[PDB]
Amino acid sequence: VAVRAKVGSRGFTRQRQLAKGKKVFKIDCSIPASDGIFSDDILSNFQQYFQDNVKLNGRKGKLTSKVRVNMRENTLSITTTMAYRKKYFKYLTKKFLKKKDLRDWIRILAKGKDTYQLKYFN
Amino acid sequence: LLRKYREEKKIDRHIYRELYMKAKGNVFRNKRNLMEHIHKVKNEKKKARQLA
Amino acid sequence: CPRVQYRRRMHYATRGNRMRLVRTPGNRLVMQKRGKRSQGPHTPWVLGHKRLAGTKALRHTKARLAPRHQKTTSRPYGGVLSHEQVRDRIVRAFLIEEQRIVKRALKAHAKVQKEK
Amino acid sequence: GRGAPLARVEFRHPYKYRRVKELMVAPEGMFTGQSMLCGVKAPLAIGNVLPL
Amino acid sequence: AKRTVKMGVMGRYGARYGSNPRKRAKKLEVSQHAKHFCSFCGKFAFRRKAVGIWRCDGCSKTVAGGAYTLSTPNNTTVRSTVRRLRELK
Amino acid sequence: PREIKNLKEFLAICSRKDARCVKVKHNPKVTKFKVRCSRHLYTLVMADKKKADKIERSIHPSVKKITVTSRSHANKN
Amino acid sequence: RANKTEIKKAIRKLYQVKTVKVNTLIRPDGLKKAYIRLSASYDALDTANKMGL
RNA sequence: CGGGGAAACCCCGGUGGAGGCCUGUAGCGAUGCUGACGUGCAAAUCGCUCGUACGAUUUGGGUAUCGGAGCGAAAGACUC
RNA sequence: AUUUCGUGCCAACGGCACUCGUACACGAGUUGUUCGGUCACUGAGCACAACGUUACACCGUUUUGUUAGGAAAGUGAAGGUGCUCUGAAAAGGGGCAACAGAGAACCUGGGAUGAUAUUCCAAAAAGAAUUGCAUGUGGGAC
RNA sequence: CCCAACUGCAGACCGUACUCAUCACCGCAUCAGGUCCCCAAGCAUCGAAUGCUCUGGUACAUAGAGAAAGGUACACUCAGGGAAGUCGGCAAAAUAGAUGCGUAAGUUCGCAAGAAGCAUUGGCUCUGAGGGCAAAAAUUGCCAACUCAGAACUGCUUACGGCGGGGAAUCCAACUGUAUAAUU
RNA sequence: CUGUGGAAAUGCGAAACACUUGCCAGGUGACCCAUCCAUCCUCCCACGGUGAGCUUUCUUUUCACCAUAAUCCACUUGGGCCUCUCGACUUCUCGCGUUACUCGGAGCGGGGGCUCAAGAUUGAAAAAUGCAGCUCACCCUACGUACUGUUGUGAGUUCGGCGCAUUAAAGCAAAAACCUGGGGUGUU
Ligand SMILES: [K+]
Ligand SMILES: [K+]
Ligand SMILES: [K+]
Ligand SMILES: [K+]
Ligand SMILES: [K+]
Ligand SMILES: [Mg+2]
Ligand SMILES: [Mg+2]
Ligand SMILES: [Mg+2]
Ligand SMILES: [Mg+2]
Ligand SMILES: [Mg+2]
Ligand SMILES: [Mg+2]
Ligand SMILES: [Mg+2]
Ligand SMILES: [Mg+2]
Ligand SMILES: [Mg+2]
Ligand SMILES: [Mg+2]
Ligand SMILES: [Mg+2]
Ligand SMILES: [Mg+2]
Ligand SMILES: [Mg+2]
Ligand SMILES: [Mg+2]
Ligand SMILES: [Mg+2]
Ligand SMILES: [Mg+2]
Ligand SMILES: [Mg+2]
Ligand SMILES: [Mg+2]
Ligand SMILES: [Mg+2]
Ligand SMILES: [Mg+2]
Ligand SMILES: [Mg+2]
Ligand SMILES: [Mg+2]
Ligand SMILES: [Mg+2]
Ligand SMILES: [Mg+2]
Ligand SMILES: [Mg+2]
Ligand SMILES: [Mg+2]
Ligand SMILES: [Mg+2]
Ligand SMILES: [Mg+2]
Ligand SMILES: [Mg+2]
Ligand code: NA
Ligand code: NA
Ligand code: NA
Ligand code: NA
Ligand SMILES: [Zn+2]
């Protein structure tokens, strides 16, 4: 509230950066991949979906050299020097599953630090 | 503001006392009004000193 | 905003039944009684009634159990008078007595002169 | 319930080792610290008590 | 006389009680709330504390005086009469 | 509760009769010994794990020793 | 009409036990009820079976 | 704090927060509809509207004064 | 003043209804060194004693420091004896009246109940404390 | 015999369930009447006004079907006229917040006064003013809160709740207050 | 040595700094509005980690939770006071300070200190507790065992500052109990 805001700048915001850098979030999808629910087409879609939907500085589809969405052995890994909230990647995963059908089969939990794990319903 | 300037010795006690009573008398509208008056006071004091 | 109840068996808001609100380790808001305070020792009322230095303000139970030093001072009239009033009494005692002695000598000398 | 003020005067007990406190109606001009003398040999001054 | 032409301190009473009764109480009210001269310490610091009791803010002395003024006119003549009568003896 | 300031007075307290038990608490990066006497609980803190196991092992077997853990509801019945 | 001290003494004489606490209340019907806690050296269940329960 | 004046003294702008002061909740009352009900919800109640609301203000417990007597800012009011 | 809780139950009662109930029946429940009162304060006040009055106490006085023409103190400073005599000083009889005034040493957690809890918890007391008396030992002084 | 720091043992009596009210108290009763104290959320707004809502609590008041007249209402609307109604403008209608400008006779000079009266008010995108803390200081950097004043564009069916009608005179009592519980 | 340190404000506590209901004197108990600043606590924001809600399209999103009792040990703000400045308005009009009605040779201000009140920080208590999650993990019927998580310059708010303290022809109860001293006894 030091400077008055304007409607023209509603879609833009500064992101704020880390000091030491090199923070990585992981998502594990081994269980659905082992079964037939997560075919490699879905895995490719999953990695692709994260690519054009992660929002940097207020805009999506324009993340380079600061956010890496590399995917290796069924574990999506996001490496960044930007400052993010861990719940954001849980919020993105739920949207992707809801766009597909599996929201009623697969649940997402926090297995450990900086990791999320996908498993089955009962 | 007046207390800070006196501590920094940018004004003396005689100037401080006169401006203290004028602020209580509703002469300065805001902070910028007070600084401009102080700058004017500092200027004509310097000119008189150099003339003497 | 949770609401509280009186926990003792007096339910009136007097100067002695004053309560504070406390949050417990179990995440509950309860009422706890804060006791009264004392005004502390003072100088005599007819001498100004001022708060004495070097003495604490203690209620009945705490004043009885406290060490003597917390309510007194090493000088004469320790926890009764301030140092100005003590100095006034000393000066008054000496000067008045000297004046009394002066008069007695003056009167006796006058009697001697009359005798001669 | 009273218009006139009252005065608290402190005396020494004539026969015992104790102090006596009295309460009288104050004449105009009485002040705290004043000395009051009562008796046949008291002088004529404001605040003294004398036989008629 | 910027805020009020003539009412003065009696301006808290609005338009009640009549003009003359308000005037008669204005003289005594002004003196009762004023600061009077202390002959003990030389300051203008005497104030009233209940009717007839006057206390000095400087030397903390309490005197018995008049209801609305520190010294009544009758008191001064009595003081001089007594002093003259005492020295007469 | 009272705090023990040095090893010397800790040994005096432990040797003292009416010492009901000694409870040993293994916090991270610190270790506490709590001696339950009458009317008061005395505590001694040690910063290093070494020179603390030695103190624990050098306790008279007459004194009852307890290792503090977290007990479940069923364990507390 | 009995108080706690006499209740404690009477229990010791009748049943040869040591108590650590005695609590009492007066019932709404007028009778007085007492809760008596025994020492850890004595078994409440054993005493109850001796009396016949 | 500024102006005006030879003086006596006068004037503007602020600050301050007085009053059995005003509008208005709770509270304490009871003006009109001569409204509702009038074998009632009620042996005096209900609805809108209305008086006052820092004071001669409202209220709990305790205590004191009575039958030709008590009490009454006075209506012969009130005293289960 | 048992309406609280559990179980059963529908004759009468809850101006209609009931399988429901503050109904009916049978059994249960209220735990304190520290909470409130009291031990233990005074207030507006009351009225035992004493005195006076009345044909007759079932009447009057009884806090403006204070009963009674009125001998209402049964306490014991310094000192002597031994390991218990003599006596200084103290005027004004005995009570009651505040569960919002004065006063008052305890706090959280609980898997501890069908119903009570700052009142219950027992050796790792879930525990941590504060205060009233008596003692015995270790130490300073007689 | 006195004491400090410990330690050992013992800590008396009565109250304790439930209620405190549109069903537990007083009004013959589970009666729209009466009855002291404490705790008190979010948004609109000057707000303990009034309207809606999370927590906690309720769906308990005899119901179903269903456009007769006449009624009661803490319910409304009416062309043209506008008190002609009536003892009497009774009842209803009507004014209304905030901001800018302006305001009579009389007067005890305090008031009268919100006297009277005229104008503006939405939405959206912008602009200016009003401050703290750091530093070797008419400088630089970082940061909070919500008021006030303006401009362009665009719109109206005058559109929640809440909220004074005003003026000219006569009689009486100076004023605030009290006062016939149940016709003044 | 016979309590003791400091020029002073006044400090020092294992048990002689012992006793003082012979006596006397003070104090606590003990009483006062409003404005202003404002405690405990409440509500809002910021920071983000656990779980849920919505998701044709939007929303780095919406909701819940994020705790520390008594007791004990060891830098700020406000008031009072001491000392130095060989002590300020010497001199046409001195200085400090409040939102606010005033204060100063009967001792302002400035440097350094003593003390009281209210807080802050550090530690014992106290994580061993509480609250959530997981509970197709690893078990079998046990209230079972592992494991994971645990900033405000905002807006209100009478504890306190606060009384010789309100309008006043109104001036704000008393006592028990307790505290300290003057005298006196006591130690060498
Ligand atoms: K006002
Ligand atoms: K009105
Ligand atoms: K609800
Ligand atoms: K008019
Ligand atoms: K009025
Ligand atoms: Mg005080
Ligand atoms: Mg005398
Ligand atoms: Mg009991
Ligand atoms: Mg009014
Ligand atoms: Mg009618
Ligand atoms: Mg009203
Ligand atoms: Mg008549
Ligand atoms: Mg029926
Ligand atoms: Mg029954
Ligand atoms: Mg009395
Ligand atoms: Mg009380
Ligand atoms: Mg108690
Ligand atoms: Mg219950
Ligand atoms: Mg109960
Ligand atoms: Mg009712
Ligand atoms: Mg708003
Ligand atoms: Mg309301
Ligand atoms: Mg509201
Ligand atoms: Mg009905
Ligand atoms: Mg028409
Ligand atoms: Mg028309
Ligand atoms: Mg007509
Ligand atoms: Mg006609
Ligand atoms: Mg009308
Ligand atoms: Mg005019
Ligand atoms: Mg207008
Ligand atoms: Mg009238
Ligand atoms: Mg009237
Ligand atoms: Mg009537
Ligand atoms: Na008024
Ligand atoms: Na009593
Ligand atoms: Na209630
Ligand atoms: Na009902
Ligand atoms: Zn004076």
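Residues numbered from 1 in each chain as written, not as in the entry; some residues may be left out. Chains lettered and ligands numbered in written order. Part of a larger assembly, values for the part shown. Heavy atoms only, no water. Residues with missing side-chain atoms left out of burial classes, pairs and counts.

Labelled according to the PDB entry, chain C appears under the name 60S ribosomal protein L34, putative, originating from Trypanosoma brucei brucei. Here chain C is described in UniProt, under the heading Sequence similarities (unreviewed entry), as follows: "Belongs to the eukaryotic ribosomal protein eL34 family." (UniProt positions renumbered as here; feature names shortened; annotations may be inferred.)

By the naming in the PDB entry, chain B goes by 60S ribosomal protein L19, putative and is assigned to Trypanosoma brucei brucei.

Another point: the overall build of chain B. For chain B, the helix and strand inventory stands at three helices and zero strands. Mapped from its N terminus to its C terminus, chain B presents α and β elements in the order α-α-α. Dimensions along the principal axes, computed over C-alpha positions, put chain B at roughly 35 × 20 × 15 Å. (Helix = DSSP H or I, 4+ residues; strand = E, 2+ residues; numbered from the N terminus.)

This part covers the overall build of chain C. The number of helices and strands found in chain C is two helices and two strands. Going residue by residue from the N terminus, the α and β elements of chain C occur as β-β-α-α. On C-alpha atoms alone, chain C measures out to a radius of gyration of 29 Å, which is more than a quarter above the 13 Å that the 2.2 N^0.38 rule sets for 116 residues. Seen through its C-alpha atoms, chain C measures out along the principal axes to roughly 100 × 30 × 20 Å. Across chain C, every contact between residues at least 6 apart in sequence was considered, and the portion connecting residues at least 24 apart equals 21%. (Rg over C-alpha atoms; globule rule 2.2 N^0.38 Å. Contact = heavy atoms within 4.5 Å.)

For the rest of this paragraph, the subject is the nonpolar core. Ranked by size, the top nonpolar core spans 27 residues in total, and within it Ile 27, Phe 38, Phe 50 and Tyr 84 of chain A carry the most contacts. Taken together, the elements giving at least two residues each to this core come down to strand 1 (23-28), helix 2 (40-53), strand 6 (75-80), helix 3 (86-99), strand 7 (106-109) and strand 8 (115-120) of chain A. Looking at which element gives the most residues to this core, the answer is helix 2 of chain A, with five residues. Setting aside chain neighbours within four positions, we find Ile 27 of chain A in contact with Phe 46, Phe 50, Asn 74, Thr 75, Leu 76, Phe 89, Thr 93, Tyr 116 and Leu 118 of chain A. Core analysis: the second largest hydrophobic core is formed by 17 residues, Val 22, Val 24, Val 35 and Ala 52 of chain F among them. (Core = buried A, V, L, I, M, F, W, Y, C linked by side-chain atoms within 4.5 Å. Buried < 20%, exposed > 50% of the residue type's maximum accessible area, 1.4 Å probe, protein only.)

Residues and elements named next belong to chain E. If you trace the four strands from one edge of the open sheet to the other, you get 1-2-3-4, paired in antiparallel fashion. Both edges of this open sheet fall to strand 1 (36-37) and strand 4 (62-64), since each of them pairs with a single strand only. For strand 2 (residues 44-48) and strand 3 (residues 53-56), the ladder comprises three bridges, and the chain directions are antiparallel. Looking at the pairing, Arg 47 lines up with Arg 55 of strand 3. (Pairing = 2+ DSSP bridges.)

What follows is about the pattern of salt bridges. A full pass over the atoms with the stated rule returns 10 salt bridges over all chains. Here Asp 18 of chain F makes a salt bridge to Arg 16 of chain F, at a shortest N to O gap of 3.9 Å. With a relative accessible area of 29%, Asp 18 of chain F lands in the partly exposed category. By relative accessible area, which is 36% here, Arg 16 of chain F ends up partly exposed. Overlapping salt bridges bring together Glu 97, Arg 100 and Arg 104 of chain C as one network. (Salt bridge = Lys/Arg side-chain N within 4 Å of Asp/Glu carboxyl O.)

So, about the protein's contact with RNA strand I. Taken together, 44 residues are adjacent to RNA strand I, and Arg 28 and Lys 36 of chain C, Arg 20 and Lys 64 of chain F together with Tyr 35 of chain G come closest. Sugar and phosphate atoms represent 64% of those atoms of RNA strand I found within 4 Å of the protein. For RNA strand I, a sugar or linking oxygen lies 3.3 Å from a polar atom in the side chain of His 73 of chain F. The contact in question runs from a phosphate oxygen of RNA strand I to an N or O atom on the side chain of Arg 37 of chain G, over 2.8 Å. Of all the elements in the fold, those that place two or more residues in the surface near RNA strand I are strand 2 (29-33) and helix 1 (60-65) of chain C, strand 5 (65-67) of chain F together with strand 1 (19-26) and strand 2 (32-38) of chain G. With five residues, strand 1 of chain G is the largest single contributor of residues to the surface near RNA strand I. Taken together, the residues of the surface near RNA strand I sort by class into 13 nonpolar, 13 polar and 18 charged. (Near = heavy atom within 4 Å. Polar contact = N/O pair within 3.5 Å; in protein donor to acceptor, adjacent residues only side chain to side chain. Nonpolar A, V, L, I, M, F, W, Y, C, P; charged D, E, K, R; others polar.)

Residues and elements named next belong to chain E. Between its first and last C-alpha, helix 1 (residues 19-32) extends 20 Å over 14 residues, near the 20 Å set by a 1.5 Å rise per residue. Along its length, helix 1 shows its largest kink, about 30°, at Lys 26. Listing the buried residues of helix 1 in full gives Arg 22, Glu 29 and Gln 32. Its buried side turned inward, helix 1 meets strand 2 and strand 3. (Expected span 1.5 Å × (residues − 1). Bend = angle between axes of the 7 residues up to and from the residue.)

Here we come to the sheet that holds strand 1 (residues 2-3) of chain F. Residues and elements named next belong to chain F. The five strands are arranged 1-4-3-2-5 in an open sheet whose pairing can be described as mixed. A single partner strand is all that each edge strand has here, and the edge strands are strand 1 and strand 5. Contacts from helix 1 (residues 7-15) reach strand 1, strand 2 (21-27), strand 3 (30-36) and strand 4 (41-46), with the element oriented near 35° to strand 3. (Axes fitted to C-alpha atoms, helices over the stretch in contact; angles between N-to-C directions.)

This part takes up unusual backbone geometry. A positive phi angle is found at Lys 22 of chain A, which is not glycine, with a value near 60°. Among the secondary structure elements, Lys 22 of chain A is positioned in the segment before strand 1. When its relative accessible area of 73% is taken as the criterion, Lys 22 of chain A is described as exposed. A positive phi angle, close to 55°, is found at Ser 60 of chain E, a residue other than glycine. Along the chain, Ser 60 of chain E turns up in the loop between strand 3 and strand 4. Look at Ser 60 of chain E and you get partly exposed, because its relative accessible area is 42%.

Another point: the interface of chain E and chain D. The partner chain D presents 12 residues to the 19 residues of chain E that form the contact. For the pair chain E and chain D, the summed buried area comes to about 1200 Å², and 58% of that belongs to carbon and sulfur atoms. Taken as a group, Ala 64, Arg 79 and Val 82 of chain E account for 34% of the area that chain E buries against chain D, more than any other trio of residues on that side. Between chain E and chain D we count zero salt bridges in total. The tally of links between chain E and chain D comes to six residue pairs in polar contact. At the level of secondary structure, the elements contributing two or more residues to the side of chain E that touches chain D comprise strand 4 and helix 2 (73-87) of chain E. For the side of chain E that touches chain D, the element with the highest residue contribution is helix 2 of chain E, accounting for five residues. (Buried area = accessible area lost by both parts, 1.4 Å probe.)

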